[PDB]
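Student: Structure: start-v2.cif, mmCIF, C-alpha atoms and all ligand atoms.
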data_target
loop_
_atom_site.label_atom_id
_atom_site.label_comp_id
_atom_site.auth_asym_id
_atom_site.auth_seq_id
_atom_site.Cartn_x
_atom_site.Cartn_y
_atom_site.Cartn_z
CA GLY U 1 -25.43 6.14 -16.05
CA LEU U 2 -28.58 5.10 -14.01
CA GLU U 3 -30.13 8.62 -14.50
CA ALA U 4 -33.73 7.68 -13.61
CA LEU U 5 -32.85 6.05 -10.24
CA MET U 6 -30.27 8.74 -9.41
CA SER U 7 -32.90 11.55 -9.72
CA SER U 8 -35.77 9.44 -8.31
CA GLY U 9 -34.25 10.50 -5.04
CA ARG U 10 -35.46 7.38 -3.29
CA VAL U 11 -31.83 6.24 -2.83
CA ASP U 12 -29.30 8.17 -0.78
CA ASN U 13 -26.71 10.57 -2.21
CA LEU U 14 -23.94 7.95 -1.79
CA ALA U 15 -25.81 5.47 -3.97
CA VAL U 16 -26.66 8.22 -6.45
CA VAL U 17 -23.00 8.97 -7.03
CA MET U 18 -22.20 5.23 -7.37
CA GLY U 19 -24.76 5.25 -10.19
CA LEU U 20 -22.25 7.17 -12.32
CA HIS U 21 -20.74 3.65 -12.92
CA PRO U 22 -23.51 1.08 -13.30
CA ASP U 23 -21.10 -1.82 -13.75
CA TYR U 24 -19.66 -1.03 -10.30
CA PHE U 25 -22.96 0.02 -8.79
CA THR U 26 -24.40 -3.47 -9.26
CA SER U 27 -21.58 -5.14 -7.37
CA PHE U 28 -21.70 -2.30 -4.82
CA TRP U 29 -25.41 -2.67 -4.25
CA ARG U 30 -25.30 -6.46 -3.86
CA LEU U 31 -22.76 -6.20 -1.06
CA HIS U 32 -24.51 -3.26 0.55
CA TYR U 33 -27.99 -4.89 0.42
CA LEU U 34 -26.37 -8.02 1.88
CA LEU U 35 -24.38 -6.45 4.75
CA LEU U 36 -27.01 -4.06 5.94
CA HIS U 37 -30.37 -5.47 4.80
CA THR U 38 -30.20 -9.32 4.61
CA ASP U 39 -29.79 -12.26 7.02
CA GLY U 40 -26.39 -13.46 8.22
CA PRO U 41 -24.59 -14.21 11.49
CA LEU U 42 -25.06 -10.84 13.32
CA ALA U 43 -28.43 -9.14 13.98
CA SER U 44 -29.37 -6.06 11.99
CA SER U 45 -28.86 -3.72 14.98
CA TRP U 46 -25.36 -5.13 15.57
CA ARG U 47 -24.46 -4.75 11.88
CA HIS U 48 -25.62 -1.13 11.97
CA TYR U 49 -23.79 -0.41 15.20
CA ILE U 50 -20.62 -2.04 13.88
CA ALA U 51 -21.06 0.30 10.89
CA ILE U 52 -21.18 3.30 13.24
CA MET U 53 -17.98 2.25 14.93
CA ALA U 54 -16.15 1.94 11.66
CA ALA U 55 -17.58 5.18 10.35
CA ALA U 56 -16.62 7.00 13.57
CA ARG U 57 -12.91 6.30 12.86
CA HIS U 58 -13.09 8.84 10.01
CA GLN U 59 -15.46 11.22 11.74
CA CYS U 60 -17.81 10.37 8.77
CA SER U 61 -21.17 11.69 9.93
CA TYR U 62 -22.78 10.72 6.65
CA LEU U 63 -22.40 7.06 7.51
CA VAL U 64 -22.68 7.55 11.27
CA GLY U 65 -25.91 9.51 11.02
CA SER U 66 -27.27 7.06 8.46
CA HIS U 67 -26.43 3.97 10.50
CA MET U 68 -27.60 5.54 13.75
CA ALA U 69 -30.98 5.88 12.10
CA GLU U 70 -30.99 2.38 10.63
CA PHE U 71 -29.88 1.03 13.97
CA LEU U 72 -32.88 2.81 15.43
CA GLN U 73 -35.46 1.80 12.74
CA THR U 74 -34.32 -1.81 13.19
CA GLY U 75 -35.05 -1.68 16.97
CA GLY U 76 -31.53 -1.16 18.28
CA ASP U 77 -31.28 -0.27 21.96
CA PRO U 78 -31.23 3.49 21.53
CA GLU U 79 -29.02 3.69 24.62
CA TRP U 80 -26.06 2.43 22.58
CA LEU U 81 -26.11 5.79 20.76
CA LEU U 82 -24.90 7.35 23.99
CA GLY U 83 -21.46 5.76 23.42
CA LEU U 84 -19.61 2.46 23.32
CA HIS U 85 -19.60 2.13 27.12
CA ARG U 86 -23.35 1.23 26.75
CA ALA U 87 -22.72 -1.31 23.95
CA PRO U 88 -22.40 -4.97 24.97
CA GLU U 89 -18.82 -6.02 25.72
CA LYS U 90 -18.64 -8.35 22.70
CA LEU U 91 -19.21 -5.38 20.41
CA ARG U 92 -16.50 -3.33 22.22
CA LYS U 93 -13.75 -5.94 21.84
CA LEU U 94 -14.10 -4.93 18.21
CA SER U 95 -12.65 -1.44 18.79
CA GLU U 96 -9.03 -2.52 18.65
CA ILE U 97 -9.35 -4.27 15.30
CA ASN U 98 -11.72 -1.52 14.04
CA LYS U 99 -9.05 1.13 14.67
CA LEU U 100 -6.34 -0.87 12.99
CA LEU U 101 -8.33 -1.80 9.91
CA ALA U 102 -9.13 1.87 9.50
CA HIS U 103 -5.63 3.27 9.98
CA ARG U 104 -2.76 0.77 10.27
CA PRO U 105 -4.11 -2.62 9.15
CA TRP U 106 -0.64 -4.10 8.81
CA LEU U 107 -0.57 -4.06 12.68
CA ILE U 108 -3.34 -6.69 12.92
CA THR U 109 -1.90 -9.83 14.43
CA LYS U 110 -3.04 -13.25 15.58
CA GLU U 111 -3.20 -11.96 19.22
CA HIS U 112 -5.87 -9.40 18.16
CA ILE U 113 -7.81 -12.27 16.56
CA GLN U 114 -7.20 -14.61 19.51
CA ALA U 115 -8.74 -11.80 21.72
CA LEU U 116 -12.06 -11.90 19.94
CA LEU U 117 -12.35 -15.68 19.60
CA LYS U 118 -11.19 -16.11 23.27
CA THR U 119 -14.03 -18.21 24.70
CA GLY U 120 -15.68 -16.01 27.38
CA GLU U 121 -19.19 -14.74 28.27
CA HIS U 122 -20.03 -13.57 24.77
CA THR U 123 -17.52 -14.75 22.11
CA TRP U 124 -17.12 -14.12 18.43
CA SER U 125 -17.71 -17.04 16.07
CA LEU U 126 -15.44 -16.98 12.99
CA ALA U 127 -18.60 -16.56 10.95
CA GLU U 128 -19.59 -13.48 12.96
CA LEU U 129 -16.07 -12.13 13.13
CA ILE U 130 -15.65 -12.34 9.37
CA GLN U 131 -18.99 -10.58 8.79
CA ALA U 132 -17.76 -7.82 11.13
CA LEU U 133 -14.42 -7.39 9.31
CA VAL U 134 -16.35 -7.07 6.09
CA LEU U 135 -18.69 -4.58 7.78
CA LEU U 136 -15.83 -2.54 9.29
CA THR U 137 -13.70 -2.45 6.18
CA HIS U 138 -16.76 -1.64 4.08
CA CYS U 139 -17.79 1.42 6.12
CA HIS U 140 -14.18 2.60 6.11
CA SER U 141 -13.93 2.30 2.34
CA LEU U 142 -17.37 3.98 2.15
CA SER U 143 -16.07 6.82 4.36
CA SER U 144 -13.25 7.30 1.85
CA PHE U 145 -15.80 7.41 -0.96
CA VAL U 146 -18.03 9.77 1.00
CA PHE U 147 -15.36 12.46 1.56
CA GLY U 148 -13.56 11.60 -1.69
CA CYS U 149 -16.65 12.37 -3.76
CA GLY U 150 -17.90 15.22 -1.50
CA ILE U 151 -21.07 13.30 -0.70
CA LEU U 152 -23.59 15.37 1.15
CA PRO U 153 -25.89 14.39 3.95
CA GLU U 154 -29.53 14.12 3.06
CA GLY U 155 -30.93 16.53 5.74
CA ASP U 156 -32.08 20.15 5.11
CA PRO U 157 -27.07 18.99 -4.95
CA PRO U 158 -26.16 15.27 -4.04
CA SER U 159 -22.40 16.14 -3.75
CA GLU U 160 -20.42 19.30 -2.94
CA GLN U 161 -17.90 18.38 -5.74
CA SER U 162 -19.29 16.08 -8.56
CA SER U 163 -22.52 17.50 -10.15
CA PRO U 164 -25.02 14.96 -11.71
CA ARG U 165 -2.56 19.37 -22.17
CA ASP U 166 -0.60 16.99 -19.94
CA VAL U 167 -3.53 14.60 -20.62
CA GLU U 168 -1.81 13.86 -23.99
CA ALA U 169 1.53 13.61 -22.19
CA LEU U 170 -0.01 11.04 -19.90
CA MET U 171 -1.31 9.19 -22.98
CA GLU U 172 2.26 9.20 -24.34
CA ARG U 173 3.87 7.89 -21.15
CA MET U 174 1.24 5.10 -21.10
CA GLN U 175 2.13 4.32 -24.71
CA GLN U 176 5.83 3.74 -23.98
CA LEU U 177 5.11 1.40 -21.11
CA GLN U 178 2.62 -0.67 -23.14
CA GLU U 179 5.13 -0.73 -26.03
CA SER U 180 7.57 -2.84 -23.86
CA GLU U 181 16.61 -5.83 -7.32
CA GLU U 182 16.32 -2.01 -7.67
CA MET U 183 12.57 -2.76 -8.05
CA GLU U 184 12.71 -3.65 -4.26
CA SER U 185 14.30 -0.15 -3.73
CA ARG U 186 11.71 1.82 -5.78
CA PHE U 187 9.00 0.42 -3.56
CA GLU U 188 10.70 1.59 -0.27
CA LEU U 189 10.97 5.07 -1.86
CA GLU U 190 7.33 5.37 -2.98
CA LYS U 191 6.02 3.95 0.31
CA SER U 192 8.11 6.44 2.42
CA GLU U 193 7.35 9.46 0.23
CA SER U 194 5.05 11.61 2.43
CA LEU U 195 1.87 13.55 1.42
CA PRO U 196 -17.09 15.63 17.15
CA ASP U 197 -20.22 14.00 18.75
CA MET U 198 -18.98 10.75 17.14
CA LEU U 199 -15.98 10.40 19.48
CA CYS U 200 -17.91 8.20 21.91
CA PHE U 201 -18.07 5.36 19.36
CA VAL U 202 -14.21 4.99 19.36
CA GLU U 203 -10.91 4.22 21.16
CA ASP U 204 -7.74 6.23 20.68
CA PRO U 205 -9.57 8.91 18.64
CA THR U 206 -6.36 10.46 17.19
CA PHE U 207 -4.69 7.19 16.00
CA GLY U 208 -4.19 7.61 12.25
CA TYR U 209 -2.01 6.41 9.41
CA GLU U 210 0.83 8.70 10.58
CA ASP U 211 2.62 7.92 13.87
CA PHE U 212 3.22 10.92 16.12
CA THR U 213 5.12 8.71 18.60
CA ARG U 214 8.07 8.46 16.19
CA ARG U 215 10.00 11.18 14.43
CA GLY U 216 9.83 11.28 10.64
CA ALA U 217 7.21 9.86 8.35
CA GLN U 218 5.09 6.71 8.45
CA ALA U 219 6.03 3.77 6.23
CA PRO U 220 4.51 0.37 7.07
CA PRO U 221 6.50 -2.85 7.05
CA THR U 222 7.01 -4.01 3.46
CA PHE U 223 4.92 -7.09 2.79
CA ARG U 224 5.57 -9.28 -0.23
CA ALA U 225 2.12 -9.24 -1.84
CA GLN U 226 2.19 -12.88 -2.87
CA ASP U 227 2.69 -14.36 0.57
CA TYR U 228 -1.11 -13.77 0.90
CA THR U 229 -3.10 -12.55 -2.12
CA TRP U 230 -6.84 -12.30 -2.24
CA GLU U 231 -6.86 -14.69 -5.22
CA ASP U 232 -4.94 -17.58 -3.63
CA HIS U 233 -5.94 -17.29 0.03
CA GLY U 234 -8.16 -14.54 1.38
CA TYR U 235 -11.07 -15.27 -0.89
CA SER U 236 -10.97 -18.99 -0.02
CA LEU U 237 -10.90 -18.16 3.72
CA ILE U 238 -13.87 -15.83 3.35
CA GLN U 239 -15.95 -18.24 1.25
CA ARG U 240 -15.35 -20.90 3.92
CA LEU U 241 -16.39 -18.62 6.80
CA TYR U 242 -18.81 -16.02 5.25
CA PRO U 243 -19.67 -17.57 1.87
CA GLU U 244 -22.75 -15.50 0.95
CA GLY U 245 -20.52 -12.39 0.78
CA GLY U 246 -17.16 -13.92 -0.02
CA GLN U 247 -18.27 -14.01 -3.66
CA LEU U 248 -19.78 -10.53 -3.56
CA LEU U 249 -16.37 -9.22 -2.44
CA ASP U 250 -14.45 -11.15 -5.09
CA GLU U 251 -17.01 -9.78 -7.60
CA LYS U 252 -16.68 -6.14 -6.37
CA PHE U 253 -12.89 -6.17 -6.40
CA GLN U 254 -13.03 -7.64 -9.91
CA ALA U 255 -15.65 -5.07 -11.00
CA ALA U 256 -13.57 -2.11 -9.84
CA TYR U 257 -10.22 -3.17 -11.13
CA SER U 258 -11.46 -4.22 -14.57
CA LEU U 259 -13.93 -1.29 -14.94
CA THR U 260 -12.63 0.66 -17.93
CA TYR U 261 -14.48 2.57 -20.60
CA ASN U 262 -11.33 2.90 -22.69
CA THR U 263 -11.61 6.64 -22.16
CA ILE U 264 -8.93 8.92 -20.74
CA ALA U 265 -10.66 12.32 -20.44
CA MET U 266 -11.13 13.74 -23.92
CA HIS U 267 -9.99 10.61 -25.65
CA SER U 268 -11.78 7.45 -26.73
CA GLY U 269 -9.89 4.38 -27.94
CA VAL U 270 -7.30 3.99 -25.11
CA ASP U 271 -6.13 1.05 -22.90
CA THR U 272 -5.84 2.57 -19.43
CA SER U 273 -4.96 -0.63 -17.54
CA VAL U 274 -1.39 0.67 -16.97
CA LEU U 275 -2.77 3.77 -15.27
CA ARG U 276 -5.44 1.84 -13.36
CA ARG U 277 -2.76 -0.66 -12.20
CA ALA U 278 -0.69 2.34 -11.05
CA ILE U 279 -3.50 3.78 -8.87
CA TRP U 280 -4.25 0.31 -7.47
CA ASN U 281 -0.67 -0.70 -6.82
CA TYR U 282 0.22 2.71 -5.24
CA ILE U 283 -2.64 2.54 -2.69
CA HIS U 284 -1.47 -0.93 -1.75
CA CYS U 285 2.04 0.48 -1.48
CA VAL U 286 0.62 3.10 0.98
CA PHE U 287 -0.64 0.13 3.10
CA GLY U 288 2.65 -1.81 2.53
CA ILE U 289 1.76 -4.36 -0.13
CA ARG U 290 4.64 -4.82 -2.71
CA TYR U 291 3.85 -6.79 -5.83
CA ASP U 292 7.13 -8.32 -7.05
CA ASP U 293 6.37 -7.89 -10.76
CA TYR U 294 5.65 -4.15 -10.60
CA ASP U 295 8.15 -1.46 -11.64
CA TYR U 296 7.01 0.83 -8.83
CA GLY U 297 8.59 3.74 -10.72
CA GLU U 298 5.66 3.53 -13.14
CA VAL U 299 3.72 5.15 -10.31
CA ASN U 300 5.50 8.58 -10.38
CA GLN U 301 5.60 8.36 -14.18
CA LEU U 302 1.77 7.99 -14.36
CA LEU U 303 0.31 9.46 -11.16
CA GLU U 304 0.83 13.20 -10.85
CA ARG U 305 1.68 14.89 -7.56
CA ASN U 306 -1.81 16.19 -6.88
CA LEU U 307 -3.46 12.84 -7.72
CA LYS U 308 -1.13 11.10 -5.25
CA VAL U 309 -2.00 13.62 -2.57
CA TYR U 310 -5.77 13.28 -3.07
CA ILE U 311 -5.56 9.51 -3.37
CA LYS U 312 -3.41 9.22 -0.24
CA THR U 313 -5.58 11.74 1.63
CA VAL U 314 -8.81 9.89 0.69
CA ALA U 315 -7.16 6.57 1.62
CA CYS U 316 -5.46 7.59 4.85
CA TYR U 317 -7.12 10.74 6.07
CA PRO U 318 -10.42 11.05 4.21
CA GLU U 319 -11.77 13.36 6.94
CA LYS U 320 -9.25 15.94 5.53
CA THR U 321 -10.25 15.84 1.84
CA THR U 322 -11.37 19.21 0.40
CA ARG U 323 -12.88 20.76 -2.70
CA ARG U 324 -9.53 22.50 -3.50
CA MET U 325 -7.78 19.14 -3.22
CA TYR U 326 -10.45 17.52 -5.45
CA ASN U 327 -10.06 20.05 -8.34
CA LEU U 328 -6.30 20.56 -7.96
CA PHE U 329 -5.66 17.18 -9.67
CA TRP U 330 -6.45 15.84 -13.13
CA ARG U 331 -7.68 19.41 -13.92
CA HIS U 332 -8.81 18.30 -17.47
CA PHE U 333 -10.35 14.86 -16.60
CA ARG U 334 -14.10 14.28 -16.47
CA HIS U 335 -15.77 14.29 -13.04
CA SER U 336 -17.01 10.74 -13.66
CA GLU U 337 -13.32 9.74 -13.93
CA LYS U 338 -12.59 11.51 -10.62
CA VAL U 339 -15.34 9.26 -9.10
CA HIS U 340 -13.83 6.21 -10.84
CA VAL U 341 -10.55 6.95 -9.03
CA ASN U 342 -12.51 6.85 -5.79
CA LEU U 343 -13.87 3.42 -6.69
CA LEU U 344 -10.42 2.19 -7.44
CA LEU U 345 -8.99 3.43 -4.19
CA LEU U 346 -11.82 2.37 -1.86
CA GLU U 347 -11.72 -1.21 -3.24
CA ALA U 348 -7.89 -1.28 -3.19
CA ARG U 349 -7.90 -0.05 0.39
CA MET U 350 -10.61 -2.40 1.58
CA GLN U 351 -8.76 -5.32 0.05
CA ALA U 352 -5.58 -4.43 1.94
CA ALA U 353 -7.27 -3.91 5.27
CA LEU U 354 -9.06 -7.28 4.81
CA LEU U 355 -6.00 -9.14 3.62
CA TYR U 356 -4.03 -8.10 6.66
CA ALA U 357 -6.83 -9.18 8.95
CA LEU U 358 -7.52 -12.40 7.07
CA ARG U 359 -3.84 -13.21 7.12
CA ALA U 360 -4.01 -12.55 10.89
CA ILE U 361 -6.84 -15.06 11.20
CA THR U 362 -5.01 -17.60 8.99
CA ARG U 363 -2.10 -17.18 11.42
CA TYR U 364 -4.18 -17.76 14.62
CA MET U 365 -5.77 -20.79 12.77
CA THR U 366 -2.30 -22.47 12.68
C1 LIG Z 401 -8.07 6.55 -16.14
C2 LIG Z 401 -9.43 6.37 -15.47
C3 LIG Z 401 -10.17 7.71 -15.50
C4 LIG Z 401 -10.19 5.24 -16.15
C5 LIG Z 401 -10.89 5.62 -17.44
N1 LIG Z 401 -12.17 6.33 -17.18
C6 LIG Z 401 -11.18 4.36 -18.19
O1 LIG Z 401 -12.13 4.28 -18.95
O2 LIG Z 401 -10.41 3.29 -18.01
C7 LIG Z 401 -9.30 5.89 -14.01
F1 LIG Z 401 -8.32 4.94 -14.04
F2 LIG Z 401 -9.04 6.88 -13.10
#
Give the structure from the file, written as structure tokens.
Ligand SMILES: CC(C)(C[C@H](N)C(=O)O)C(F)F
Tutor:
Amino acid sequence: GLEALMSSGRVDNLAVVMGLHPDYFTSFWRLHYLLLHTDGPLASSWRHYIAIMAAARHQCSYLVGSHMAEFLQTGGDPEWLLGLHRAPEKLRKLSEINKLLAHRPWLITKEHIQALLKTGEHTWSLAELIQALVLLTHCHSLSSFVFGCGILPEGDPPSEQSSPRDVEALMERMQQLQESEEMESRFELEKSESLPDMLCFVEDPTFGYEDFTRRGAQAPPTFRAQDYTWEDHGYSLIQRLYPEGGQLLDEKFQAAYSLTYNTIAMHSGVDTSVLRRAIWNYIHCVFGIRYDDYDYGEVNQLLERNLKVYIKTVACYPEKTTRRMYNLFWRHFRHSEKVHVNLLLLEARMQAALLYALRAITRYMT
């Protein structure tokens, strides 16, 4: 870990906890320095205010307070802190797509995109729009991480949760798998399986993953992953429209997926990719992405009930994550590994939210 930096306490609590995984932290920092503290299509103030709007969706005062203050240090019109109504209209057209990216990103559709790029008084460029989707999706994923890891605000420990044998059954069930049409059905099962200043920076403040305008549970339309992967499509679209951070996203996703230490709590010497794949592929399943190679039954085999709850809660309702919830799962796993799960899920989530919105753009582009 980056002990010296972490306890320097010249970087915020969020960044401290990321330090627990230096190989992720580097890719994390590059994107964060970029989005918030480097040139690019939108002015600093706008990038910080966009960050507020995304953070607001999960009532995440860590990121809202933070960005309010950056917005202010960077000479933002302090009147925008009184609510969206005072923001410029261009920045408010973003609310619809902000909401959806946060909660139901599968609902993003060419019309939503065509709304922004609709040539009017102040219009979004694709360059600007892409930066904003990266900004929105980033502060969402960082809201997950913030509640997920119990990250504490700076104003007066750096988390209320981290603090800087079924385990051997799990290692067995991993073994068997690595030793090796109803796959379309197992997906539909797993997907359907069910588990206040800020308000003036949002629309529809109660819109969430779950729909309370329909009886029964929420399950998003199944989407065949390989109609529009990051690898084949979304990356290419971003490096054409927001190159300087297209690569930093492809690098971050790569860094989170492939981050292993070959450790699985007590044990050295293990290949965990099966288990990592299962966390990844599940979270995508929660947002409706079905990979046609995956035996989606591997999920229930490998991810315990409490993990799935925490994961889904951090992904879909991070506001509602709690200490109980945090300890209740993987009782015997190291804290660091708890944090690792957060990395996996934030990147998995961000990628889905993006991919839906990129696909939306690629649709309006035709
Ligand atoms: C299983 C775990 C903890 C990863 C593990 N620390 C590893 O080294 O691969 C992660 F996938 F949650």
Student: Atom CA of residue U:139 to atom CA of residue U:153: how many Å, to one decimal?
Tutor: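 If I compute the distance from atom CA of residue U:139 to atom CA of residue U:153, I get 15.4 Å.
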Student: Taking 6 positions as the minimum chain separation for residues in the same chain, which residues sit within 12 Å of stretch 216-224 of chain U when counting all atoms listed in the file? Answer as a PyMOL selection string.
Tutor: chain U and resi 103-107+184-195+208-210+284-294+316+352+355-356+359
Student: Please produce an output containing C-alpha atoms for each residue in the selection, written as a PDB file, keeping the file's coordinate frame.
Tutor:
ATOM      1  CA  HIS U 103      -5.630   3.270   9.980  1.00  0.00           C
ATOM      2  CA  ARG U 104      -2.760   0.770  10.270  1.00  0.00           C
ATOM      3  CA  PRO U 105      -4.110  -2.620   9.150  1.00  0.00           C
ATOM      4  CA  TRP U 106      -0.640  -4.100   8.810  1.00  0.00           C
ATOM      5  CA  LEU U 107      -0.570  -4.060  12.680  1.00  0.00           C
ATOM      6  CA  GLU U 184      12.710  -3.650  -4.260  1.00  0.00           C
ATOM      7  CA  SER U 185      14.300  -0.150  -3.730  1.00  0.00           C
ATOM      8  CA  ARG U 186      11.710   1.820  -5.780  1.00  0.00           C
ATOM      9  CA  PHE U 187       9.000   0.420  -3.560  1.00  0.00           C
ATOM     10  CA  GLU U 188      10.700   1.590  -0.270  1.00  0.00           C
ATOM     11  CA  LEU U 189      10.970   5.070  -1.860  1.00  0.00           C
ATOM     12  CA  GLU U 190       7.330   5.370  -2.980  1.00  0.00           C
ATOM     13  CA  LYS U 191       6.020   3.950   0.310  1.00  0.00           C
ATOM     14  CA  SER U 192       8.110   6.440   2.420  1.00  0.00           C
ATOM     15  CA  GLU U 193       7.350   9.460   0.230  1.00  0.00           C
ATOM     16  CA  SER U 194       5.050  11.610   2.430  1.00  0.00           C
ATOM     17  CA  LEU U 195       1.870  13.550   1.420  1.00  0.00           C
ATOM     18  CA  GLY U 208      -4.190   7.610  12.250  1.00  0.00           C
ATOM     19  CA  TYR U 209      -2.010   6.410   9.410  1.00  0.00           C
ATOM     20  CA  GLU U 210       0.830   8.700  10.580  1.00  0.00           C
ATOM     21  CA  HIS U 284      -1.470  -0.930  -1.750  1.00  0.00           C
ATOM     22  CA  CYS U 285       2.040   0.480  -1.480  1.00  0.00           C
ATOM     23  CA  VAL U 286       0.620   3.100   0.980  1.00  0.00           C
ATOM     24  CA  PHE U 287      -0.640   0.130   3.100  1.00  0.00           C
ATOM     25  CA  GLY U 288       2.650  -1.810   2.530  1.00  0.00           C
ATOM     26  CA  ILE U 289       1.760  -4.360  -0.130  1.00  0.00           C
ATOM     27  CA  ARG U 290       4.640  -4.820  -2.710  1.00  0.00           C
ATOM     28  CA  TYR U 291       3.850  -6.790  -5.830  1.00  0.00           C
ATOM     29  CA  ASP U 292       7.130  -8.320  -7.050  1.00  0.00           C
ATOM     30  CA  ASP U 293       6.370  -7.890 -10.760  1.00  0.00           C
ATOM     31  CA  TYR U 294       5.650  -4.150 -10.600  1.00  0.00           C
ATOM     32  CA  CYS U 316      -5.460   7.590   4.850  1.00  0.00           C
ATOM     33  CA  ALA U 352      -5.580  -4.430   1.940  1.00  0.00           C
ATOM     34  CA  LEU U 355      -6.000  -9.140   3.620  1.00  0.00           C
ATOM     35  CA  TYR U 356      -4.030  -8.100   6.660  1.00  0.00           C
ATOM     36  CA  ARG U 359      -3.840 -13.210   7.120  1.00  0.00           C
TER      37      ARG U 359
END
Student: Could you tell me which of U:366, U:159, U:351, U:98 comes closest to residue U:17 if we count all atoms listed in the file?
Tutor: U:159
Student: Under the rule of at most 12 Å, produce a per-residue listing of stretch 267-326 of chain U near stretch 40-63 of chain U: chain, number, name, the closest pair of atoms, and the distance in Å, as a tab-separated table, using all atoms listed in the file.
Tutor:
residue	atom	partner	partner_atom	distance
U:313	CA	U:58	CA	11.6
U:314	CA	U:58	CA	10.3
U:315	CA	U:58	CA	10.5
U:316	CA	U:58	CA	9.3
U:317	CA	U:58	CA	7.4
U:318	CA	U:58	CA	6.8
U:319	CA	U:58	CA	5.6
U:320	CA	U:58	CA	9.2
U:321	CA	U:58	CA	11.1
Student: Find the distance between atom CA of residue U:196 and atom CA of residue U:132 and write it in Å to one decimal.
Tutor: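 Computing the Euclidean distance for atom CA of residue U:196 and atom CA of residue U:132 yields 24.2 Å.
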Student: So, with only C-alpha atoms and all ligand atoms as the atoms that count, which of U:226, U:144, U:213, U:273 lies closest to ligand LIG 401 (chain Z)?
Tutor: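 Ranking U:226, U:144, U:213, U:273 by distance to ligand LIG 401 (chain Z), first place goes to U:273.
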Student: Kindly give the distance, in Å, that separates atom CA of residue U:328 and atom CA of residue U:306, rounded to a single decimal.
Tutor: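 Separating atom CA of residue U:328 from atom CA of residue U:306 is a distance of 6.4 Å.
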Student: So which residues are near ligand LIG 401 (chain Z), meaning at most 8 Å away with only C-alpha atoms and all ligand atoms counted, given back as an MDAnalysis selection string?
Tutor: chainID U and resid 259:265 270:273 275:276 279 333:334 336:341 344
Student: With distances taken over all atoms listed in the file, which residue among U:128, U:19, U:361, U:180 lies nearest residue U:5?
Tutor: U:19
Student: Do you know which residues are at most 7 Å from residue U:149 counting all atoms listed in the file, after dropping those on the same chain fewer than 2 positions away, and could you put them as a PDB file with C-alpha atoms, in the frame of the given file?
Tutor:
ATOM      1  CA  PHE U 145     -15.800   7.410  -0.960  1.00  0.00           C
ATOM      2  CA  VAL U 146     -18.030   9.770   1.000  1.00  0.00           C
ATOM      3  CA  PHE U 147     -15.360  12.460   1.560  1.00  0.00           C
ATOM      4  CA  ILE U 151     -21.070  13.300  -0.700  1.00  0.00           C
ATOM      5  CA  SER U 159     -22.400  16.140  -3.750  1.00  0.00           C
ATOM      6  CA  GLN U 161     -17.900  18.380  -5.740  1.00  0.00           C
ATOM      7  CA  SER U 162     -19.290  16.080  -8.560  1.00  0.00           C
ATOM      8  CA  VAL U 339     -15.340   9.260  -9.100  1.00  0.00           C
TER       9      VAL U 339
END
Student: Name the closest residue to residue U:244 among the candidates U:156, U:96, U:172, U:39; distances are taken between atoms, counting all atoms listed in the file.
Tutor: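 Among U:156, U:96, U:172, U:39, it is U:39 that comes nearest to residue U:244.
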Student: From the set U:258, U:245, U:72, U:178, which residue has the shortest atom-to-atom contact distance to residue U:33, counting only C-alpha atoms?
Tutor: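 Of U:258, U:245, U:72, U:178, the one nearest residue U:33, counting only C-alpha atoms, is U:245.
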